[PDB]
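Structure data follow from my_file-v1.cif (mmCIF, C-alpha atoms and all ligand atoms):
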```cif
data_run
#
loop_
_atom_site.label_atom_id
_atom_site.label_comp_id
_atom_site.auth_asym_id
_atom_site.auth_seq_id
_atom_site.Cartn_x
_atom_site.Cartn_y
_atom_site.Cartn_z
CA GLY A 29 74.96 99.10 72.15
CA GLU A 30 73.94 102.75 72.62
CA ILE A 31 71.84 103.46 75.72
CA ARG A 32 68.53 105.12 74.80
CA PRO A 33 66.80 106.26 78.00
CA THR A 34 63.08 106.17 78.59
CA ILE A 35 63.63 109.14 80.94
CA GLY A 36 66.59 111.45 80.52
CA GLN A 37 68.43 112.92 77.57
CA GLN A 38 69.72 110.81 74.68
CA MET A 39 73.34 110.58 73.59
CA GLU A 40 74.38 113.40 71.27
CA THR A 41 77.53 114.80 69.67
CA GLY A 42 80.07 115.57 72.42
CA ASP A 43 79.20 112.52 74.53
CA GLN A 44 81.79 109.86 75.51
CA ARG A 45 80.58 106.38 76.41
CA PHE A 46 82.80 104.84 79.13
CA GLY A 47 81.76 101.50 80.62
CA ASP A 48 78.07 101.82 81.49
CA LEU A 49 78.27 105.61 81.75
CA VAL A 50 78.38 108.70 79.55
CA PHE A 51 80.59 111.77 80.08
CA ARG A 52 80.36 115.19 78.45
CA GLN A 53 82.80 118.07 78.84
CA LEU A 54 80.94 121.32 79.64
CA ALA A 55 83.88 123.67 80.27
CA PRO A 56 87.68 123.40 80.47
CA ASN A 57 87.49 122.03 84.04
CA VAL A 58 83.91 120.71 84.23
CA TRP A 59 82.27 117.51 83.00
CA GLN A 60 78.80 116.01 83.34
CA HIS A 61 78.53 112.37 84.44
CA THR A 62 75.52 110.32 83.34
CA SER A 63 74.49 106.94 84.73
CA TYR A 64 71.51 104.73 83.96
CA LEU A 65 69.09 102.76 86.10
CA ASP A 66 67.59 99.87 84.17
CA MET A 67 63.95 99.33 85.10
CA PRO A 68 62.72 95.91 83.87
CA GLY A 69 59.72 96.36 81.54
CA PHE A 70 60.29 100.13 81.32
CA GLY A 71 63.84 100.90 80.22
CA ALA A 72 66.68 103.13 81.35
CA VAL A 73 66.48 106.24 83.51
CA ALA A 74 69.44 108.61 83.05
CA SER A 75 70.73 110.76 85.88
CA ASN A 76 73.38 113.49 85.67
CA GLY A 77 75.94 114.93 88.07
CA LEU A 78 79.16 116.93 87.77
CA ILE A 79 82.90 116.51 87.92
CA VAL A 80 85.06 119.59 88.56
CA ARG A 81 88.84 119.93 88.37
CA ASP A 82 89.99 122.61 90.83
CA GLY A 83 93.70 123.02 90.65
CA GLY A 84 95.15 119.65 91.41
CA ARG A 85 92.08 117.90 92.72
CA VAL A 86 88.69 116.74 91.57
CA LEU A 87 85.34 117.56 93.18
CA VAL A 88 82.23 115.49 92.46
CA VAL A 89 78.59 116.61 92.56
CA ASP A 90 76.20 113.64 93.08
CA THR A 91 76.86 109.94 92.93
CA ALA A 92 75.61 107.64 90.19
CA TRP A 93 72.59 105.41 90.90
CA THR A 94 74.76 102.58 92.28
CA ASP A 95 78.06 101.89 93.98
CA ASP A 96 79.43 100.07 90.93
CA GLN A 97 78.48 102.94 88.61
CA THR A 98 80.08 105.38 91.05
CA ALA A 99 83.27 103.29 91.04
CA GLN A 100 83.16 103.60 87.24
CA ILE A 101 83.03 107.39 87.64
CA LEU A 102 86.16 107.19 89.79
CA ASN A 103 87.84 105.01 87.14
CA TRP A 104 86.96 107.50 84.39
CA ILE A 105 88.44 110.27 86.55
CA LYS A 106 91.62 108.23 87.03
CA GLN A 107 91.99 107.58 83.29
CA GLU A 108 90.96 110.99 81.89
CA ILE A 109 92.06 113.44 84.62
CA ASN A 110 94.43 111.46 86.87
CA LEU A 111 94.11 113.65 89.97
CA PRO A 112 92.94 112.83 93.47
CA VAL A 113 89.24 113.19 94.22
CA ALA A 114 89.09 115.44 97.29
CA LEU A 115 85.37 115.56 98.08
CA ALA A 116 81.84 115.07 96.88
CA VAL A 117 78.70 117.09 97.51
CA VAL A 118 75.43 115.20 97.04
CA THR A 119 72.26 117.11 96.41
CA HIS A 120 69.53 115.18 98.29
CA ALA A 121 68.69 111.82 99.84
CA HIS A 122 67.35 109.85 96.86
CA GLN A 123 68.96 107.01 94.87
CA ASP A 124 69.89 108.98 91.76
CA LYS A 125 71.95 111.41 93.87
CA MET A 126 73.20 109.26 96.79
CA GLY A 127 72.99 105.62 95.68
CA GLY A 128 76.78 105.37 95.37
CA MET A 129 77.97 106.75 98.72
CA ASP A 130 79.66 103.50 99.83
CA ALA A 131 81.89 103.60 96.72
CA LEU A 132 82.99 107.16 97.51
CA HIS A 133 83.68 106.29 101.15
CA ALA A 134 85.66 103.18 100.26
CA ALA A 135 87.91 105.34 98.10
CA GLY A 136 88.68 107.73 100.97
CA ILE A 137 86.65 110.60 99.47
CA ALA A 138 85.16 113.07 101.95
CA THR A 139 81.41 113.50 101.50
CA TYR A 140 79.09 116.42 102.23
CA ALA A 141 75.31 116.76 102.18
CA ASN A 142 72.64 118.98 103.69
CA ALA A 143 72.23 118.00 107.36
CA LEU A 144 68.60 117.24 106.50
CA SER A 145 69.72 114.90 103.71
CA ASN A 146 71.87 113.04 106.22
CA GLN A 147 68.92 112.85 108.64
CA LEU A 148 66.64 111.55 105.87
CA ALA A 149 69.25 109.23 104.32
CA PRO A 150 68.55 106.02 106.26
CA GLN A 151 64.81 106.60 105.93
CA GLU A 152 65.36 106.83 102.14
CA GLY A 153 67.60 103.76 101.90
CA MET A 154 70.75 105.85 101.49
CA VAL A 155 74.08 105.93 103.29
CA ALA A 156 74.55 109.36 104.92
CA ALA A 157 77.38 111.65 103.94
CA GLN A 158 80.24 111.95 106.41
CA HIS A 159 79.70 115.68 106.95
CA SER A 160 76.70 117.93 107.19
CA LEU A 161 76.19 121.25 105.45
CA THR A 162 73.97 123.84 107.11
CA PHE A 163 72.44 126.95 105.63
CA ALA A 164 71.59 130.54 106.46
CA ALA A 165 67.99 131.75 106.23
CA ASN A 166 68.90 133.26 102.85
CA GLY A 167 69.88 129.78 101.58
CA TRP A 168 73.66 130.19 101.37
CA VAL A 169 75.79 127.48 102.95
CA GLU A 170 77.34 128.32 106.32
CA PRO A 171 81.00 128.75 105.30
CA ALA A 172 82.61 126.79 108.13
CA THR A 173 80.56 123.70 107.18
CA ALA A 174 81.94 123.73 103.61
CA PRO A 175 85.70 124.14 104.05
CA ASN A 176 88.08 123.91 101.02
CA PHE A 177 85.24 123.87 98.46
CA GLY A 178 87.25 125.70 95.78
CA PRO A 179 84.84 127.20 93.19
CA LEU A 180 81.75 125.36 94.45
CA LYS A 181 79.00 127.65 95.73
CA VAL A 182 76.35 125.64 97.59
CA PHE A 183 72.84 127.04 97.90
CA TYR A 184 69.70 125.65 99.58
CA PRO A 185 66.80 127.16 97.63
CA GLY A 186 64.01 125.95 99.90
CA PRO A 187 61.74 122.91 99.74
CA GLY A 188 60.77 121.86 96.21
CA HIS A 189 61.45 118.50 94.64
CA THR A 190 62.21 117.44 98.23
CA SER A 191 62.60 119.35 101.49
CA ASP A 192 66.37 118.71 101.46
CA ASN A 193 67.27 119.55 97.84
CA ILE A 194 70.41 121.66 97.37
CA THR A 195 72.04 123.28 94.36
CA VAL A 196 75.61 124.11 93.30
CA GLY A 197 77.15 126.88 91.21
CA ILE A 198 80.67 126.77 89.85
CA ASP A 199 82.34 130.14 90.36
CA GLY A 200 84.32 131.40 87.37
CA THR A 201 82.15 129.44 84.91
CA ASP A 202 78.80 129.83 83.23
CA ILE A 203 77.41 126.76 85.06
CA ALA A 204 74.87 126.23 87.82
CA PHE A 205 73.48 122.83 88.82
CA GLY A 206 69.86 122.38 89.87
CA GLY A 207 69.82 118.62 90.41
CA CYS A 208 66.30 117.19 90.39
CA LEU A 209 64.72 120.54 91.36
CA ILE A 210 65.06 121.94 87.84
CA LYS A 211 63.52 120.39 84.71
CA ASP A 212 64.30 121.56 81.19
CA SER A 213 62.52 124.28 79.26
CA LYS A 214 60.59 121.72 77.19
CA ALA A 215 59.55 119.39 80.05
CA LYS A 216 55.81 118.74 80.56
CA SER A 217 56.21 117.35 84.08
CA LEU A 218 58.14 118.16 87.24
CA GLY A 219 58.90 114.44 87.63
CA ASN A 220 58.30 112.65 90.91
CA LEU A 221 56.33 114.95 93.21
CA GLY A 222 55.74 112.22 95.83
CA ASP A 223 58.15 113.87 98.36
CA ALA A 224 57.70 117.40 96.95
CA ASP A 225 56.56 120.62 98.61
CA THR A 226 53.97 121.78 96.11
CA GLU A 227 53.26 125.04 97.96
CA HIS A 228 56.86 126.27 98.04
CA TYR A 229 58.33 124.66 94.90
CA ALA A 230 57.89 127.68 92.62
CA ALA A 231 59.59 130.05 95.07
CA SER A 232 62.44 127.58 95.51
CA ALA A 233 63.00 127.33 91.74
CA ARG A 234 63.03 131.15 91.52
CA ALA A 235 65.40 131.36 94.50
CA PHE A 236 67.86 129.07 92.66
CA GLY A 237 67.74 131.41 89.66
CA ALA A 238 68.33 134.48 91.82
CA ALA A 239 71.18 132.81 93.71
CA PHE A 240 73.05 132.13 90.45
CA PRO A 241 71.97 135.08 88.32
CA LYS A 242 74.97 134.97 86.01
CA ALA A 243 74.83 131.30 85.00
CA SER A 244 73.80 130.67 81.37
CA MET A 245 74.28 126.88 81.40
CA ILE A 246 71.77 125.24 83.71
CA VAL A 247 72.66 121.62 84.42
CA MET A 248 70.08 119.25 85.89
CA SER A 249 69.55 115.61 86.76
CA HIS A 250 67.46 114.33 83.86
CA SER A 251 67.99 116.56 80.84
CA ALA A 252 70.90 117.92 78.85
CA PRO A 253 72.19 121.32 79.96
CA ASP A 254 69.76 124.07 79.03
CA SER A 255 69.43 127.85 79.07
CA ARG A 256 67.93 129.82 81.95
CA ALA A 257 64.55 129.10 80.31
CA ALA A 258 64.73 125.83 82.29
CA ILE A 259 64.45 127.86 85.50
CA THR A 260 61.60 130.02 84.18
CA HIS A 261 59.69 127.01 82.88
CA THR A 262 60.23 124.95 86.04
CA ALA A 263 58.89 127.87 88.11
CA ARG A 264 55.86 128.31 85.83
CA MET A 265 55.03 124.58 86.04
CA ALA A 266 55.42 124.82 89.81
CA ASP A 267 53.08 127.85 89.97
CA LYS A 268 50.33 125.48 88.76
CA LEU A 269 50.75 123.26 91.86
CA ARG A 270 49.54 125.97 94.29
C1 LIG A 301 63.67 110.89 87.65
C2 LIG A 301 62.70 110.80 88.82
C3 LIG A 301 61.27 110.79 88.27
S1 LIG A 301 62.99 109.30 89.81
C4 LIG A 301 64.24 110.11 90.89
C5 LIG A 301 63.99 109.79 92.37
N1 LIG A 301 63.63 108.37 92.52
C6 LIG A 301 64.51 107.41 92.81
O1 LIG A 301 65.72 107.58 92.88
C7 LIG A 301 63.89 106.04 93.08
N2 LIG A 301 64.80 105.23 93.89
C8 LIG A 301 63.46 105.30 91.82
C9 LIG A 301 62.57 104.25 91.96
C10 LIG A 301 62.14 103.54 90.85
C11 LIG A 301 62.60 103.89 89.59
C12 LIG A 301 63.49 104.95 89.43
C13 LIG A 301 63.91 105.66 90.55
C14 LIG A 301 62.91 110.67 93.06
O2 LIG A 301 61.94 110.07 93.57
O3 LIG A 301 63.10 111.91 93.10
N3 LIG A 301 64.20 111.57 90.61
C15 LIG A 301 62.94 111.89 89.91
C16 LIG A 301 62.99 113.34 89.40
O4 LIG A 301 64.12 113.90 89.38
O5 LIG A 301 61.88 113.86 89.10
ZN ZN A 302 64.66 113.02 94.32
ZN ZN A 303 65.84 112.76 89.89
#
```
Here is a file; write its structure as structure tokens.
Amino acid sequence: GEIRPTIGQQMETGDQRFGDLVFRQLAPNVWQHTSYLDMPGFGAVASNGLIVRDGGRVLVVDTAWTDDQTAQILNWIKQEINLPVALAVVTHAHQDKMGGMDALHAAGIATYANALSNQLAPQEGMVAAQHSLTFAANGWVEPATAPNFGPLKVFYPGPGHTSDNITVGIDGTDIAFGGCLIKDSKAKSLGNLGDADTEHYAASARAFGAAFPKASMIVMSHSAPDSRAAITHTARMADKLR
């Protein structure tokens, strides 16, 4: 019964299986969602996002791979937290991060992505978010484009895994989320570099670290949460691309 991914972390102590998904509490008001894409002849690919309780509402970072899996996330939220889901931020226009947009929209959840992610979305087979985030030259989100974001601190580190990749810190916690930009401290590969900026990747990884200097728990798309060594190692792998 247990899902054993070909890519992505395995289930460990602290993980809750719910439907086709896995959930792990990371802090009093933060959970990691994990969903799995089954590739025939290859196996499962795990992808991770976040769920944040901020006061009386829930904020989501990234969809699951599919609409149905994303609906399962909303069902888990209903059963375990039982608060309205106010908004989602999705971290670039690829299936692991935006495959479930229709499910969010059907539920009345407001969605936000980098303007560039919304521009790329149809070209990448994704439904665009309803609202566009824009960024200063230093990478920080323009505040008026991210209204009522609670503790979420949204940072565009520069082109890396993709040109549109964004990252999210959770103020008042030890957590920062690198999405697919960051790989864990023991990874041997940066994953899919097909859409990547190999010249600028290393600087973008370092910029993420410097934007969230305090965070000790680095959450990412395809590994369990790691130390800041994930940032250092990702940057060192990326140095080799130049
Ligand atoms: C885990 C991945 C190697 S695949 C994923 C993403 N790819 C997709 O979402 C594709 N739709 C896909 C196609 C076939 C099999 C799995 C995923 C990407 O290209 O960044 N993120 C990659 C990554 O984070 O390095
Ligand atoms: Zn991607
Ligand atoms: Zn990915």
Checklist line | Near-ligand residues for ligand ZN 303 (chain A), threshold 10 Å, all atoms listed in the file, as a ChimeraX atom specification | finding: /A:35-36,73-76,120,122-125,189,207-211,218-220,248-250
Next item on the list: List the neighbours of residue 180 in chain A out to 9 Å using all atoms listed in the file; skip same-chain residues closer than 5 positions along the sequence, and give me the result as a PyMOL selection string.
Entry: chain A and resi 80+87+196-199
Box time for range 151-156 of chain A: axis-aligned, enclosing all its listed atoms, 8 Å extra on each side; report centre and edge lengths in Å to one decimal, as JSON.
```
{"center_x": 69.7, "center_y": 106.6, "center_z": 103.7, "size_x": 25.7, "size_y": 21.6, "size_z": 20.4}
```
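For the choices A:136, A:188, A:83, A:222, the atom-to-atom distance to residue 265 in chain A is smallest for A:188 when using all atoms listed in the file.
If you look at CA of residue 114 in chain A and CA of residue 53 in chain A, they are 19.7 Å away from each other.
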Next item on the list: For each of A:181, A:247, A:259, A:171, take the minimum atom-to-atom distance to residue 62 in chain A, counting all atoms listed in the file, then give the residue where this is smallest.
Entry: A:247
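For the atom pair formed by CA of residue 56 in chain A and CA of residue 200 in chain A, the distance is 11.1 Å, given to one decimal.
Here the question is which of A:68, A:256, A:107, A:102 gets nearest to residue 241 in chain A using all atoms listed in the file, and that residue is A:256.
Proximity to residue 240 in chain A was assessed for A:145, A:193, A:167, A:228 counting only C-alpha atoms; the smallest distance is recorded for A:167.
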Note to self: Nearest residue to residue 31 in chain A out of A:59, A:236, A:46, A:229, using all atoms listed in the file?
What the structure shows: A:46
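A straight line drawn from CA of residue 244 in chain A to CA of residue 204 in chain A is 7.9 Å long.
Minimum atom-to-atom distance to ligand LIG 301 (chain A), evaluated using all atoms listed in the file, belongs to A:154 out of A:243, A:169, A:101, A:154.
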Margin query: If we count only C-alpha atoms and set the cut-off at 12 Å, which residues sit around residue 118 in chain A, ignoring sequence neighbours fewer than 4 positions away in its own chain? Please answer as a ChimeraX atom specification.
Written below: /A:76-79,87-93,122-129,132,138-146,149,154-161,182,192-196,205-208,249
At the level of N, CA, C and O atoms, write range 96-108 of chain A to a file as a PDB file, in the first residue's frame, please.
```
ATOM      1  N   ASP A  96      -7.467  16.388  -9.308  1.00  0.00           N
ATOM      2  CA  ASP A  96      -8.030  15.499  -8.295  1.00  0.00           C
ATOM      3  C   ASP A  96      -7.164  15.449  -7.038  1.00  0.00           C
ATOM      4  O   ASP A  96      -7.685  15.465  -5.932  1.00  0.00           O
ATOM      5  N   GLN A  97      -5.849  15.386  -7.201  1.00  0.00           N
ATOM      6  CA  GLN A  97      -4.968  15.393  -6.031  1.00  0.00           C
ATOM      7  C   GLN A  97      -5.086  16.697  -5.254  1.00  0.00           C
ATOM      8  O   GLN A  97      -5.031  16.706  -4.020  1.00  0.00           O
ATOM      9  N   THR A  98      -5.265  17.800  -5.976  1.00  0.00           N
ATOM     10  CA  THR A  98      -5.413  19.108  -5.335  1.00  0.00           C
ATOM     11  C   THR A  98      -6.740  19.186  -4.572  1.00  0.00           C
ATOM     12  O   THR A  98      -6.798  19.730  -3.472  1.00  0.00           O
ATOM     13  N   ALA A  99      -7.801  18.603  -5.126  1.00  0.00           N
ATOM     14  CA  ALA A  99      -9.058  18.500  -4.406  1.00  0.00           C
ATOM     15  C   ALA A  99      -8.872  17.670  -3.133  1.00  0.00           C
ATOM     16  O   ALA A  99      -9.488  17.953  -2.109  1.00  0.00           O
ATOM     17  N   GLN A 100      -8.025  16.642  -3.194  1.00  0.00           N
ATOM     18  CA  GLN A 100      -7.730  15.858  -1.996  1.00  0.00           C
ATOM     19  C   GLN A 100      -7.005  16.696  -0.947  1.00  0.00           C
ATOM     20  O   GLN A 100      -7.282  16.551   0.250  1.00  0.00           O
ATOM     21  N   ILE A 101      -6.109  17.584  -1.376  1.00  0.00           N
ATOM     22  CA  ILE A 101      -5.495  18.530  -0.440  1.00  0.00           C
ATOM     23  C   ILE A 101      -6.578  19.361   0.250  1.00  0.00           C
ATOM     24  O   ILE A 101      -6.559  19.525   1.469  1.00  0.00           O
ATOM     25  N   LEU A 102      -7.533  19.875  -0.519  1.00  0.00           N
ATOM     26  CA  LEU A 102      -8.585  20.699   0.068  1.00  0.00           C
ATOM     27  C   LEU A 102      -9.439  19.886   1.049  1.00  0.00           C
ATOM     28  O   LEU A 102      -9.853  20.400   2.084  1.00  0.00           O
ATOM     29  N   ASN A 103      -9.669  18.612   0.729  1.00  0.00           N
ATOM     30  CA  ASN A 103     -10.404  17.737   1.641  1.00  0.00           C
ATOM     31  C   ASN A 103      -9.633  17.478   2.946  1.00  0.00           C
ATOM     32  O   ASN A 103     -10.211  17.513   4.024  1.00  0.00           O
ATOM     33  N   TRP A 104      -8.328  17.236   2.830  1.00  0.00           N
ATOM     34  CA  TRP A 104      -7.502  17.082   4.029  1.00  0.00           C
ATOM     35  C   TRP A 104      -7.577  18.344   4.894  1.00  0.00           C
ATOM     36  O   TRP A 104      -7.743  18.267   6.108  1.00  0.00           O
ATOM     37  N   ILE A 105      -7.475  19.504   4.245  1.00  0.00           N
ATOM     38  CA  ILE A 105      -7.579  20.770   4.987  1.00  0.00           C
ATOM     39  C   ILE A 105      -8.914  20.852   5.724  1.00  0.00           C
ATOM     40  O   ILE A 105      -8.955  21.199   6.899  1.00  0.00           O
ATOM     41  N   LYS A 106      -9.997  20.516   5.032  1.00  0.00           N
ATOM     42  CA  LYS A 106     -11.325  20.548   5.631  1.00  0.00           C
ATOM     43  C   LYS A 106     -11.400  19.631   6.855  1.00  0.00           C
ATOM     44  O   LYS A 106     -11.943  20.015   7.888  1.00  0.00           O
ATOM     45  N   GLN A 107     -10.842  18.428   6.741  1.00  0.00           N
ATOM     46  CA  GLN A 107     -10.947  17.461   7.831  1.00  0.00           C
ATOM     47  C   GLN A 107     -10.006  17.753   9.008  1.00  0.00           C
ATOM     48  O   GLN A 107     -10.390  17.582  10.164  1.00  0.00           O
ATOM     49  N   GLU A 108      -8.785  18.200   8.711  1.00  0.00           N
ATOM     50  CA  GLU A 108      -7.761  18.359   9.750  1.00  0.00           C
ATOM     51  C   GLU A 108      -7.685  19.764  10.349  1.00  0.00           C
ATOM     52  O   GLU A 108      -7.310  19.917  11.509  1.00  0.00           O
TER      53      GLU A 108
END
```
